[PDB]
Amino acid sequence: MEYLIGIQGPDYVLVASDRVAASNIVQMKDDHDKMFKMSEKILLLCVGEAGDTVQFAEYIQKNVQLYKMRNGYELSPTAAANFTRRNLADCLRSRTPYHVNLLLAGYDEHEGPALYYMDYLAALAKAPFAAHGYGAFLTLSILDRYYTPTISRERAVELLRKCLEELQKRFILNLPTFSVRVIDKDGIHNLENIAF
Amino acid sequence: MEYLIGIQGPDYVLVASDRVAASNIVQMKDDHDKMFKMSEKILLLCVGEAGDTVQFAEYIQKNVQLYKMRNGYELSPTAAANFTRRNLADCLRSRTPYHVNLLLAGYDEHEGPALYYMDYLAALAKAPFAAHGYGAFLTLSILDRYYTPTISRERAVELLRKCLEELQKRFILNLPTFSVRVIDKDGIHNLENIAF
Amino acid sequence: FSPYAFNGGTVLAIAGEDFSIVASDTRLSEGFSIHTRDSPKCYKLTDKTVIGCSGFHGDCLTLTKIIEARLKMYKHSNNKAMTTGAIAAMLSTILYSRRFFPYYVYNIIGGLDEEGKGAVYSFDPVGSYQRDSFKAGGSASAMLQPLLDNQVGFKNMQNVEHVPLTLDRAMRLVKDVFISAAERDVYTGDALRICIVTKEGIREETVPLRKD
Amino acid sequence: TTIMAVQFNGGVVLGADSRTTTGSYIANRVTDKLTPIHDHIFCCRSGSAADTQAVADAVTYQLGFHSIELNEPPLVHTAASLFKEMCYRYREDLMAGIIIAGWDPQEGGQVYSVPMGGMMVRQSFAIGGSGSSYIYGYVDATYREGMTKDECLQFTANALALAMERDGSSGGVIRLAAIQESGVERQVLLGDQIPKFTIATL
Amino acid sequence: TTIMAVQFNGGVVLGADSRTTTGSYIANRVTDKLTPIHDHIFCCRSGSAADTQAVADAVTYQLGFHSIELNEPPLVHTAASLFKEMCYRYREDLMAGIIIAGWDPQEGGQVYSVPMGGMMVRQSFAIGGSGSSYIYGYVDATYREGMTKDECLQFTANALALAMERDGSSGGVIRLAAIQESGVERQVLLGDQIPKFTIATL
Amino acid sequence: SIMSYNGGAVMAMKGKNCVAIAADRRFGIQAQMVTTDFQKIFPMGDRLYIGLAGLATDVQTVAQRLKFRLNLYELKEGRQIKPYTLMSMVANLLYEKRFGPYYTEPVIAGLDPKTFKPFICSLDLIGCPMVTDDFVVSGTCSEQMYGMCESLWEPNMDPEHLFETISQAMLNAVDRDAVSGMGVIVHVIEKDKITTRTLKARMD
Amino acid sequence: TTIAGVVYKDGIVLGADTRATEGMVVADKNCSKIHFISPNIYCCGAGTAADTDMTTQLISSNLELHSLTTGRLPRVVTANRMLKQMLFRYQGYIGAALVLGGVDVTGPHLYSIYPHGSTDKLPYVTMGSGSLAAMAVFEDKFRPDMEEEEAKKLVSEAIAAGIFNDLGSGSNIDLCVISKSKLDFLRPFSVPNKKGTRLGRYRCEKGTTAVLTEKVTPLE
Amino acid sequence: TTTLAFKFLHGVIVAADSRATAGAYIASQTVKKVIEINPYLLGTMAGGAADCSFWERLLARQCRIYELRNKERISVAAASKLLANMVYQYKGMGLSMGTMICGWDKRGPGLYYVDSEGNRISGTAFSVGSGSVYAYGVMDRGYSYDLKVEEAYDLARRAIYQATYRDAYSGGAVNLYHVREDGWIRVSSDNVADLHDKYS
Amino acid sequence: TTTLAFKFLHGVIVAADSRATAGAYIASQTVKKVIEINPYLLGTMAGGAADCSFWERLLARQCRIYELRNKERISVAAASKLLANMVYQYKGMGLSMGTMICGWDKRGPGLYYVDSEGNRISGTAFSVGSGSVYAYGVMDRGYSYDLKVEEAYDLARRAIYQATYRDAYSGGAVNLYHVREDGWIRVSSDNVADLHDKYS
Amino acid sequence: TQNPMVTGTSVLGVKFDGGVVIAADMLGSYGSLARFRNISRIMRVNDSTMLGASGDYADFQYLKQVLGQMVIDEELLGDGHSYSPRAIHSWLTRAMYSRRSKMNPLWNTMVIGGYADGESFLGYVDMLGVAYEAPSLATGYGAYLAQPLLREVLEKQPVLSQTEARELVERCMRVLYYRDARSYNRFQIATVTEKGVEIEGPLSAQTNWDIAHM
């Protein structure tokens, strides 16, 4: 199972994900990237079925890039999150349904930071923090107990470490490295990878 | 999945096993012991079904201890390995079959060190080295390439580290600590636990 | 061949300071037909203990006879009648005896304890039980429970006097919730039998409900 | 359901039961299982009530349009050919055993049996439905060649009655029909008119 | 399989087919389905060949031992009671429809039908087996009270023949039997002796 | 069951010259809560609201498609849609997917745009409308809502009295249901104002 | 659901119960099962409620179009034909068991249409979960060419039989008398079931509910 | 259901919820998930209500008989072994019970986890139930062996409260216990609604 | 089947076995599991013989057409993407193919793993087949990025040989390839029986 | 049994002023075919009790022979103690339930009619062990077709006379013949009063087929 996690702060949104690409019982990759850049200030985290995630994530990416190309401006985090929910919901009862769970993080100049949670049945929900996978059951209560709306960027990273540390001591799966990014007014920044 | 491993040297037999006791998706224990002392120079490593292992391993232990009590001498590694194969094979077609995979390590004064491999269908096989579990597929070839019959005790431990290190980089499961013991003429010795 | 059948029915229990009420509808059904409109689901155990049984009528009859026999056997060897708490404890073990072919009955024991206070014990098919203030079982158990929590336990109410439940007031409530349960639950109807358990024996009442 | 059709010199004699059941409940006890396709062409229906009604409707629409274009009375074999085509083409869906019977100037009185699969066989007499199993030995020992129109009416009524008494899916009244060059002679045999047969007693 | 038993004044008349099939292949074409339980008590067998043979053997062992202890000719009803007991007790395993028929001094000629479930009903005549479905309407319209021993032999042969011609599991020869106070009269009706009935031709 | 996958419950009550509509705020997959402020009631006019319970994905899809049609309808013939006409529009929309329908049971509550007569109704998944003169419920705890509604509802209730009745009804109904709760929102529609309040409910 | 209909001396009398249930719980206490097809033709519906409503809405809309084109009074055979041809084409997927009855130029006609597409033309029919109870009343009291009041009495008795014996039937009894000169839609025609009067008043007093947030939005 | 138990420097802390659920309908909000085997032994319940209740009661009877025969109390290791051997005979039959046996014997504070599957492990911090995954996170993040008694109560209470907030089959009130050398004591029983206003 | 590929400092090393199996009977001991897409591109096969062979051949045709249209060779990333998009249309239909696309383009040595499931990952050391688990162990234990060309050959050879020794569906001969800047070259093809006498 | 073979249809039963009347057709069906047309489905337990059964006929014969032997054993003692109708109904319930608990039920739905100490008894016992008493019973298809008519008459006239009950039972048989496809037009009628049990028949109902023309 793959692991996704997002934390929205006052004027920034921190996201992280595992870097493991596994086949049967072996970790084929230890530095796999599960984050897809949709625009300058929009990040799409996707997990799920083998070929479904990349296939779906890249389709949404191409359309969001196309939007800016012909319009000049970029799609906002809210509009991008609704566009992807519509697409995913249109394939639900279709011939080829996408089994993907995802988090949409972005930063709008007028709306501030935004974090969206979307399950495989295409139900869009805005939240202060969210997680995906089997490791979300062991870390959602950690966030619940320590998250505060005015949490600083330095404290957000410290909070993220606690969750990731819980997975190392309680999860049966082996997830050693994590990709950590942050989106704010300046754009998307690549934070140091958290490894154990 | 649990992991067992045994390596027989010129006049000693080294064994190791994971210390994880897992329920559903969480590691309930991180220092669980899977080795059962049958006698002064006999060790029984057992893995498998929830209550089957302990239930079966303790039954065999009690009978081996009883044997010495009424006879004076202890059962030899070969005799103990045949006694446990008989018991396991008698329950196969019975009402309550034991789903346990195990390794029997011991040291006889006249026969030297001995390592036995027994699967859940009760097929006894003597070997220079053996392993059990899903992690045996990723470590049996490592042993194959580096094991030599005259391998020293210091080199045996070094070889074991390589196998355990392979699990940390390739296995999808999280097995951080391992119990390491060695049986020779002096008896059973508790080696330092190998952790990562 | 299926050994079970849903015959509907709904038992209600209410404990008071010096009383106990066990009410239920008298309709027995099968599928979409009505077997009989006169089938009480309340059984008098002792002189201060009354049991209500809903679910598979076949199991209801057998369980009821087993309990009656057990009460007589206990009196023969202990020279005294069984108390409500003892009957509840004994019933728990009787239900767990058939753990792998359980009784399809929802039991509710309502009587008085040793101090003369109203005692109500709700049960689960395999034997799990606990003492409560009030309890509802059967087809309309999820329809009445919420109302009792509100009207008897004063849940979700702010400034309220929390006045002690009296026999008079309890009688009104019982009749009212059963009237509402007959309008929505198709298994509840015909008549309502009320069994009041006080210190002066057990009293029985009967109120007519919707026939359709 | 029990349907039967017998042929004689003049034309044919059709007859059936009137019971329409759903499990053990009789939905209709006075059903008319004898449908007129044309002036002298009838058809008994057995199997599925909606399947046979849709098939009989389609054939009736086609045969009438075909009869108007040709400006001639349709042949009985053509009506059987139209039933056969539909019953074979949709043999996986439809569940109908049709007996087609009638009279035409070119071949006289003909009875065609079109069973479930969609084959088509001409017979001197035919029986279908679930109740036909009980009367195979009786129509074999009782039918003779050279029967008159009145003898066919009695023989058909006797057979249907014997099947109705043994079959749970048959019952009600007996609806007979006589087709000739003249026209159709419909008639119902109610309760006491139904031929009776004593029950072995001890 | 088609078995039949009819009773008259003197005694009874039993008859059956001789075909034993396994799917579409005839394993035995001259099978004797009429088994003697006692001197005047016979039984027709239908259903499973091994089930009915084991049941008939058991009854025969019990009835003979019972008849020796009582020092009296066994009653036909007692033989039916022994068949009924076994067929009910092991109704889940056994697959046998037995017709018991015979004669005794206390009740004369009696026919008892013991169908698959294990119930037991006395009749003036009975029919069993897979081929009996085709002859229900014929034995209903043809049987009359007051038949003689010779009339029962013809009526039974006619019915069995009609069923054999329609049933795939019936065929071969017809084995009749007449039981009376005297004894048993066994007789076979081969190929040309088998009653014939013309086929409707066009 | 597919309808109890996300949980939820909606309610509608008729007053004297007003209507009330309430719903739970919990959004969750099976036994795990994700958010506690998921919108279930959507404004379809100034005094026309619609509640949607069932599959969360279908709740948003049906709510978005209904707005699409309603918007076009109001532009075509410049007038606000009538409560009864909206129920027909929804039924039509639901019956379109007769064989493989949306998993949501809508509840409509509002007042007429020219007479302000209270109107409440509820449809099934395939679009079977059902107008009542008291209350309508929809959700996982429908049995508990009926019990509360049947014994608390009174004819001709004023806005203040109506609010209390629907509040107690939903509050006590969602407390006996595991997959429903996490807060209650109530909309009391009057002739000149719309009062919206969140209730003090349990968070377990 | 209990729907029934009979053909009296000079017309058609339809009747049905008013209870609508979703599972084993009463959803609607006053539902309408008698649907309007045309001025002289009405239809009773059983089985799936959504299917019966949409199917009768379509056939009635088609008959209205047909009636405008020809400029004549619609026939019951036309309605019977349209419904049976539609139900047969959906291979029983549109569970709509209806009791069609009306009066045209050829007199009063009663029809019973099943979900698969089969139709029957009888003097009296019953449909629904409690159809057997209504049939029992029709099998013991129906007489050919009855008076209007006698037909209304028999139909009421039939509907009542299903209401008090079938768990899926209940509430009131709606009737529909159709003749050559009139059409009386009696809703309801009988209210044999009455809800018991509340013994207490649990009126929620203002301030009993704790509020966290509140917002008021004025309108025009 | 959410039950948790951890042994620090001052004994064992045992907490649990009080919700019973029959499908999706809340059957009860006051159920007792902790069983007082004896003065120095506690047992938690999770899974099958009837199963847990019955076998824990049977275990209590065995413990009482054991003390009468040898004139001494049974150890925590011996008590849990008795329960493990008991339910092992009906292995695969469908029994559903996850229990935590806690106490204080000759080897100090003892905490064992025993289920119907066949597991019987000793440890320092366990969590059983459907809301056990959520309790683990909060527990482990604030768990220390040197934790003060008051701090240990707040930790256990908070752990259970967060599990009821996420798990739909958990809620009611948090019943807390404290196992010491002198025996167990009922610490508190706070409703989840009251804890919500205190933690916010 | 056992195929392995790793990219060190001197290009990519590609090795595989040559055994084909139809159930438990050995169909062949000389099957080619490496496909020469073009002079600078290689493709490995594992799983469905007909599947791999057909889609890799279709990929080769697309690569050839791509080079004629743009007058330049296709990259390793673009080639693997073409194969990933190809087999994604028949996802869930039963296609069984695990392939490794190796080559040398503008970004240096490229190694991609593509299967019928939908995976398309780039990496430095992969292993596909039923004997892939055994190859991983030996490969990883002796794999270094600074490995000399001769050392890289021995590693790959030994890795495959140990996999055929443990895996019943692996055997035959080890065919080795070496991808460089100038293109791939067939290094060697040693039988497993001859390697057994050299390693012992 | 697990699979019922030859079965009988519904059994009607009504209580009247001074007795109980029970009716049932004499037909044993084998699937949809009417095999045995002259079998009795009503039995006389003793002077005050009579029993009617629907369902598997072979199971009814076994119960009839077991019950019959119980009455003989009880009459052999001659101590002034005979089984009442309620005691026979109680015994049947326990027997039916015991068999259903062993997953080998007696596929029968019985109707018990009796008259003891000036009180008429009408009991019902199904195959699952579900037992109860009522003023009028109807098994199988009688519950949907005869019960509605019987209940309607007992709502206006709770107490009926012998003639009223007898003629009301004949109206139910006529309706059963019309709408039940597993029924026969030849039934039996048993009545129990203070004088004992009286089995009448084979009777037939008078049918009308005027709707065939219309």
Side-chain angles (χ1 to χ4, degrees), chain D residues 1-2 15-34 46-47 49 129-137 157 160-177 186-202, chain J residues 4-11 25-40 54-55 57 109 138-148 172-188 201-214:
Chain D
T1 310
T2 309
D17 63 302
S18 56
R19 168 166 310 182
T20 302
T21 43
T22 74
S24 294
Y25 169 71
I26 303 158
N28 186 346
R29 56 169 175 112
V30 284
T31 325
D32 195 355
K33 300 157 160 170
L34 301 177
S46 63
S130 61
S132 63
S133 282
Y134 313 119
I135 53 158
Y136 267 114
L160 292 163
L162 278 166
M164 267 154 72
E165 288 145 0
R166 285 297 182 165
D167 192 25
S169 326
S170 300
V173 293
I174 292 169
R175 300 202 191 273
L176 293 174
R186 295 255 217 175
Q187 110 187 25
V188 206
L189 301 194
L190 319 188
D192 263 328
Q193 306 172 25
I194 310 243
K196 291 284 143 219
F197 310 87
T198 154
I199 272 78
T201 45
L202 293 111
Chain J
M5 289 296 129
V6 177
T7 72
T9 33
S10 42
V11 177
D25 75 3
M26 324 184 55
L27 163 75
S29 276
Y30 198 27
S32 41
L33 130 92
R35 246 239 247 206
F36 311 96
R37 280 111 102 247
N38 201 51
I39 56 157
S40 190
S54 70
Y57 192 71
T109 293
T139 58
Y141 250 87
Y144 320 129
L145 286 160
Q147 195 57 297
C172 286
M173 295 309 274
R174 204 186 309 122
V175 168
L176 285 172
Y177 186 52
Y178 280 160
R179 302 289 160 163
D180 179 26
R182 241 39 120 213
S183 101
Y184 202 40
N185 186 235
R186 151 202 207 92
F187 55 92
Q188 250 170 160
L203 317 145
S204 258
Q206 228 97 118
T207 39
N208 182 258
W209 301 90
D210 264 13
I211 48 169
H213 299 312
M214 134 200 62

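In what follows, chains carry the letters A, B, and so on, assigned in the order in which the sequence lines appear, proteins first and then strands, with residues in each chain numbered from 1. Hydrogens, waters and symmetry mates are skipped; everything else that's a heavy atom, side chains included, is used.
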Between J:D180 and D:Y25, does the side-chain contact (heavy atoms from CB on, under 4.5 Å) criterion hold? Intermediate values first, please. CA-CA 5 Å; J:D180 179 26; D:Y25 169 71; over 6 Å; no
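Annotation for J:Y184 and D:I199: closest pair OH-CD1, 3.6 Å, computed over non-hydrogen atoms. Scanning all heavy atoms of the two residues, the minimum distance from D:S169 to J:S32 falls at OG-CB, 4.4 Å. Taking both residues in full, the closest heavy atoms of D:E165 and J:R37 are given as O-NE, 4.4 Å, listed atom of the first, atom of the second, then distance. Considering every non-hydrogen atom in both J:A212 and D:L190, the closest pair reads CB-CD2, 4.1 Å. In plain terms, the two heavy atoms of J:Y141 and D:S24 that are nearest each other are CE1-CB, 3.4 Å.
At a 4.5 Å heavy-atom cutoff, J:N185 makes no contact with chain D through either its backbone or its side chain. Interface residue J:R179: backbone and side-chain heavy atoms are both found under 4.5 Å from chain D. Heavy atoms closer than 4.5 Å to chain J are found nowhere in D:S18, neither backbone nor side chain. With a 4.5 angstrom heavy-atom cutoff, J:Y178 touches chain D via backbone and side-chain atoms both.
Ranked by heavy-atom pairs under 4.5 Å with chain J, the first of D:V188, D:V30, D:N28 is D:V30.
Within the model, atoms CG of J:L33 and OG of D:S130 stand 11.0 Å from one another, a figure rounded to the nearest 0.5 Å.
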